[PDB]
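Comments concern the structure below.
All residue numbers in this chain count up from 1 along the given sequence.
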Amino acid sequence: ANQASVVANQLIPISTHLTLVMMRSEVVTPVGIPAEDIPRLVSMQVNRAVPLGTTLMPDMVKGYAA
């Protein structure tokens, strides 16, 4: 487990466009969106509410493909 994922740094309400302060990098299980993609995620919209400390998964971000 050395791969870090994107984890919500605050509750992200449904349909919010992500900003940098909302995203942190953490080694969590299961693995979500790779923490290196945090750059690309800015301005993309989440399609559900992501509570504080939840791993951001590919299927929670609208338009995400990588």
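For the pair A8 and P51, the tightest heavy-atom approach, listed with the atom from each and the gap, is CB-O, 3.4 Å. Scanning both residues, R40 and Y64, for their nearest heavy atoms gives NH1-CE1, 3.4 Å. Taking each heavy atom of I12 and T16 in turn, the nearest pair found is CG2-CB, 3.8 Å. What you find for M57 and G32 is that their closest heavy atoms are SD-CA, 3.6 Å. Considering every non-hydrogen atom in both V6 and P34, the closest pair reads CG2-O, 3.6 Å. Here the closest heavy-atom approach between residue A49 and residue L11 is recorded as CB-CD1, 4.5 Å.
Hydrophobic clustering (side-chain heavy atoms under 4.5 Å, transitive across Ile, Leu, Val, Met, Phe, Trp, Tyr) keeps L52 apart from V61. Criterion: ILVMFWY side-chain heavy atoms under 4.5 Å apart, direct or through other members. Under it, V21 and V46 are part of a common hydrophobic cluster.
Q45 pairs by the side chain to side chain donor-acceptor pair (under 3.5 Å) definition with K62, not counting sequence neighbours.
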Item to complete: Begin from the C-alpha positions of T55 and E26 and carry the test side-chain contact (heavy atoms from CB on, under 4.5 Å) through to its verdict.
Response: CA-CA 9 Å; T55 305; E26 257 184 281; over 6 Å; no
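Checking each of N9, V50, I33, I38 against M23 for a side chain to side chain contact (heavy atoms under 4.5 Å, CB included) leaves exactly one that passes, namely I38.
Going from atom OG1 of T54 over to atom CE of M60 covers 7.0 Å, rounded to the nearest 0.5 Å. Here the straight-line distance linking atom CD of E36 with atom OG of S5 works out to 11.0 Å at 0.5 Å rounding.
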